[PDB]
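For reference, the structure is listed below as structure tokens.
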Amino acid sequence: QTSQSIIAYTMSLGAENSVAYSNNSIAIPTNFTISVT
Amino acid sequence: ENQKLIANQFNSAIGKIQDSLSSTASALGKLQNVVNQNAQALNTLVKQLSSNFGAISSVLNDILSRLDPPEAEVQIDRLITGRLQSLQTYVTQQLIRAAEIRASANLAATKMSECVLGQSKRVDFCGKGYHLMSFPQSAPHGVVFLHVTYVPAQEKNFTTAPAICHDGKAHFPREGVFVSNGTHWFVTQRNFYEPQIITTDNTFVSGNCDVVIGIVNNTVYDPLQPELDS
Amino acid sequence: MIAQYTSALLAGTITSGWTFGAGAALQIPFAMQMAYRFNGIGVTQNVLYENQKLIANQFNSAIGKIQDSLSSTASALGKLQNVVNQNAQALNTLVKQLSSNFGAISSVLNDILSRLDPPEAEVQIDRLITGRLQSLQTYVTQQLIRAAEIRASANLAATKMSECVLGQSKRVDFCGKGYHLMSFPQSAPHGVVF
Amino acid sequence: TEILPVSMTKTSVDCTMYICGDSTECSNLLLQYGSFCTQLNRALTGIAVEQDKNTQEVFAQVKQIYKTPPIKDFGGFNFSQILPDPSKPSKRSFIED
Ligand SMILES: *[C@@H]1O[C@H](CO)[C@@H](O[C@@H]2O[C@H](CO)[C@@H](O)[C@H](O)[C@H]2NC(C)=O)[C@H](O)[C@H]1NC(C)=O
Ligand SMILES: *[C@@H]1O[C@H](CO)[C@@H](O)[C@H](O)[C@H]1NC(C)=O
Ligand SMILES: *[C@@H]1O[C@H](CO)[C@@H](O)[C@H](O)[C@H]1NC(C)=O
Ligand SMILES: *[C@@H]1O[C@H](CO)[C@@H](O)[C@H](O)[C@H]1NC(C)=O
Ligand SMILES: *[C@@H]1O[C@H](CO)[C@@H](O)[C@H](O)[C@H]1NC(C)=O
Ligand SMILES: *[C@@H]1O[C@H](CO)[C@@H](O)[C@H](O)[C@H]1NC(C)=O
């Protein structure tokens, strides 16, 4: 990719999510996907 | 209560399986990989019938009828040493790869048992997410498990508390999590969001409001009083 | 970056626990998921929710004992230092097989080429090639057997990450002796410490 | 504390240098042995990609990368020597160090 070219970058390991942790924070999924893996 | 949704997501996902198999090259990456492993094993085996290993040639007829016997015996001995080491190498990598295939097949038998013949509670054993049911497909020299998994999708945030003591008795969730949207406290199963009102049916009593930290106050209702009201 | 994956695994385990191994990370206090992991071994959640200081102190003392036994006992990392040593001896035997003549005149290439004309240098170099080539097949086939061992233990470590870190395993003695609560990956060299 | 091995040291061998270091006719006779180092190197390369598979099936169990918040009220569970320390340039933790 950028026309588009070949790029050599440090691998991201994925998006740097910061979990909204606290002694009272909870996350619940309201929906689901039937994944036919 | 979501039967159309699960059925339609299953149908859409198997349709995506069709599309991925038709379009993606390595959609059968593991089984096409193993078929190619067998193909290269056999092809290397056959091409070793074109390898010298120090001999003049590999087609035995020209070794026999190209030069004098006295050292033709030695040369054919070298050729058979090379062929026999090639066959031993082939057979021992067939044994190592058959230990791989037998780990895969003991895993596929364990997967048939715990995925098709039952439900596996092992995490990520029948696919990423909470496994529902697998389907065997008699794919060439292998099996394709349509790992129907449950993947929870739309996360949120709520306020939680380890225990909810009503009148000095810490209440705990029988199975689920104590959560709140900001003003009302609900208990929800750990893997899908149902806000359920708090009652002694899904909460049990142990301890007091001090030995546990994070405990908050909320009413834990009782169903006997409204029934006795009339 | 192996340690960054390990730190993300620890952060998901502390913050989300098992729920990040199914889909996205579902944040949850650490006491919550430790209580739920008691609940998953037939021990009620109230045990931790009323002994929380005791569980925390026993955990801290036990990991302190882990660090003490690591700093003091040489064979604390018996399995991983064992595997690192197997790799080291495999490579060192491979190297010293360049000091093995396998019945030939010498094990060094230049002396073989210089001392003998091709008439018999051909036979000698054939002996070196076949000896070091059986050495390579021997090394590589024990690397395949040992990589089947490392892949059995790595499928075991992935199963253990899933069922011990990314979840709680009800399999008896699968994540340690006793009723498993939660494992922590620690990316020790060429392996993982649970 | 279970010490599980995950990855072997990822080794790739060039026979034209291993068997035949700085020697040309040795490589010619190695080719005269047909094809063993093609499949030997494919075995070792499968081993190395297998080590990366091992590492990413053990450690890369999730797509994202999650960070421990600066405030750590983990009910009292001290993870200081478990969680990484921001002091070391090659970042690890005390236990991991
Ligand atoms: C968590 O444990 C660490 C030890 O790994 C504690 O840090 C030590 O604390 C003691 C007493 O305060 C000091 O004498 C040491 O010098 C500290 N060592 C290091 C490396 O920091 C830390 O205080 C503990 N944290 C909590 C909240 O208990
Ligand atoms: C849940 O996800 C499905 C698709 O997987 C979507 O069609 C639906 O609208 C979402 N919400 C509900 C409440 O089902
Ligand atoms: C929930 O609210 C908190 C603020 O208290 C926020 O940090 C967090 O990101 C929210 N949840 C999500 C999933 O964004
Ligand atoms: C929380 O849910 C309850 C239950 O319906 C509702 O009455 C209340 O208004 C909600 N509060 C917020 C802030 O969403
Ligand atoms: C939770 O954390 C907040 C801020 O970190 C703090 O003010 C509060 O006292 C804590 N409560 C408990 C029960 O730990
Ligand atoms: C709960 O109520 C008791 C007495 O009614 C009080 O002592 C305690 O501080 C309250 N806790 C919270 C978190 O409001």
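Just so you know, the sequences run in chain order F, Y, W and H. Under the deposited numbering, the letters of the first sequence match residues 675 to 676, 689 to 723, in that order. Each number in the deposited numbering corresponds to the 1-based position in the second sequence with 917 added. Each number in the deposited numbering corresponds to the 1-based position in the third sequence with 868 added. Each number in the deposited numbering corresponds to the 1-based position in the fourth sequence with 723 added. Don't be surprised by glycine CBs; every beta carbon is placed ideally from N, CA and C.
Under 7 Å by beta carbon: chain W residues contacting residue i
{"i": "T1100/Y", "result": "Here the premise fails: no neighbours, minimum Cβ distance about 20 Å."}
Pair within 8 Å by beta-carbon distance, residue i and residue j
{"i": "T883/W", "j": "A893/W", "result": "yes"}
{"i": "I788/H", "j": "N709/F", "result": "no"}
{"i": "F817/H", "j": "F898/W", "result": "no"}
{"i": "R995/W", "j": "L966/W", "result": "no"}
{"i": "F1121/Y", "j": "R1091/Y", "result": "yes"}
{"i": "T1009/Y", "j": "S758/H", "result": "no"}
{"i": "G1035/Y", "j": "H1064/Y", "result": "no"}
{"i": "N928/Y", "j": "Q755/H", "result": "no"}
{"i": "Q926/Y", "j": "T719/F", "result": "yes"}
{"i": "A1078/Y", "j": "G1131/Y", "result": "yes"}
{"i": "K921/W", "j": "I726/H", "result": "no"}
{"i": "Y707/F", "j": "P809/H", "result": "no"}
{"i": "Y1047/Y", "j": "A1026/W", "result": "no"}
{"i": "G1059/W", "j": "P728/H", "result": "yes"}
{"i": "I997/W", "j": "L753/H", "result": "yes"}
{"i": "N1135/Y", "j": "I1081/Y", "result": "yes"}
{"i": "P1143/Y", "j": "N1108/Y", "result": "no"}
Per-residue contacts from residue i into chain H (C-beta, under 9 Å)
{"i": "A713/F", "result": "None at all; the shortest Cβ gap to chain H is about 12 Å."}
{"i": "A701/F", "result": "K786, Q787 and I788"}
Rounded separation between residue i and residue j - CA only
{"i": "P715/F", "j": "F1075/Y", "result": "11 Å"}
{"i": "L938/Y", "j": "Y1067/Y", "result": "22 Å"}
{"i": "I1013/W", "j": "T778/H", "result": "18 Å"}
{"i": "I1018/W", "j": "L877/W", "result": "21 Å"}
{"i": "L1141/Y", "j": "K1028/Y", "result": "47 Å"}
{"i": "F888/W", "j": "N953/Y", "result": "35 Å"}
{"i": "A1056/Y", "j": "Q949/Y", "result": "10 Å"}
{"i": "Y1007/W", "j": "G1093/Y", "result": "53 Å"}
{"i": "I980/W", "j": "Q992/W", "result": "7 Å"}
{"i": "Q675/F", "j": "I693/F", "result": "7 Å"}
{"i": "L1024/Y", "j": "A783/H", "result": "21 Å"}
{"i": "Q1005/W", "j": "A1020/Y", "result": "23 Å"}
{"i": "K1038/Y", "j": "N907/W", "result": "15 Å"}
{"i": "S711/F", "j": "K776/H", "result": "34 Å"}
Chain H contact residues for residue i, given Cβ-Cβ distances below 8 Å
{"i": "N969/Y", "result": "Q755, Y756 and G757"}
8 Å Cβ cut-off: residues of chain W touching residue i
{"i": "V781/H", "result": "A1022, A1025, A1026, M1029, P1053 and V1060"}
{"i": "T768/H", "result": "What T768/H touches in chain W: nothing, since even the nearest Cβ is about 11 Å away."}
Where residue i meets chain Y, residues with beta-carbon distance less than 8 Å
{"i": "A706/F", "result": "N1074"}
CB contact check: residue i to chain W, cutoff 8 Å
{"i": "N717/F", "result": "no"}
{"i": "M740/H", "result": "no"}
{"i": "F1089/Y", "result": "yes"}
{"i": "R765/H", "result": "no"}
{"i": "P812/H", "result": "no"}
{"i": "residue 1150/Y", "result": "Chain Y is shown only over 918 to 1147; residue 1150/Y falls outside these bounds and no answer can be derived."}
{"i": "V729/H", "result": "yes"}
{"i": "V1065/Y", "result": "no"}
9 Å Cβ cut-off: residues of chain Y touching residue i
{"i": "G798/H", "result": "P1079, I1130 and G1131"}
{"i": "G891/W", "result": "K1045, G1046, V1068, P1069, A1070 and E1072"}
Short CB-CB distance (under 8 Å) between residue i and chain H
{"i": "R1014/W", "result": "yes"}
{"i": "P987/W", "result": "no"}
{"i": "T883/W", "result": "yes"}
Within chain B, partners of residue i - CB distance below 7 Å
{"i": "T1105/Y", "result": "In the displayed structure, chain B is absent; the protein chains listed are F, Y, W and H."}
Anticipated Cβ contact below 8 Å, residue i with residue j, distance rounded
{"i": "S1097/Y", "j": "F1089/Y", "result": "Not really, about 16 Å apart at Cβ, beyond 8 Å."}
{"i": "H1083/Y", "j": "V1137/Y", "result": "4 Å"}
{"i": "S750/H", "j": "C743/H", "result": "5 Å"}
{"i": "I770/H", "j": "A924/W", "result": "With a Cβ gap of about 43 Å, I770/H and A924/W do not count as contacting."}
{"i": "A944/W", "j": "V705/F", "result": "That belief does not hold up - the Cβ atoms of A944/W and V705/F are roughly 32 Å apart, past 8 Å."}
{"i": "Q1011/W", "j": "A958/W", "result": "7 Å"}
{"i": "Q762/H", "j": "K733/H", "result": "That belief does not hold up - the Cβ atoms of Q762/H and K733/H are roughly 18 Å apart, past 8 Å."}
CB contact check: residue i to chain F, cutoff 8 Å
{"i": "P1057/W", "result": "no"}
{"i": "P809/H", "result": "no"}
{"i": "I909/W", "result": "no"}
Under 9 Å by beta carbon: chain F residues contacting residue i
{"i": "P792/H", "result": "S704, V705, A706, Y707 and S708"}
Neighbour flag for residue i against chain Y, beta carbons, 8 Å
{"i": "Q762/H", "result": "yes"}
{"i": "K947/W", "result": "no"}
Chain-ordered neighbours of residue i on chain W, where CB pairs are closer than 9 Å
{"i": "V736/H", "result": "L962, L1004, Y1007 and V1008"}
Amino acids of chain H, ordered along the chain, whose beta-carbon sits closer than 7 Å to that of residue i
{"i": "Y873/W", "result": "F782 and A783"}
{"i": "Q965/Y", "result": "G757"}
Within chain F, partners of residue i - CB distance below 8 Å
{"i": "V1033/Y", "result": "The contacting residues do not exist; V1033/Y stays about 14 Å from chain F at best."}
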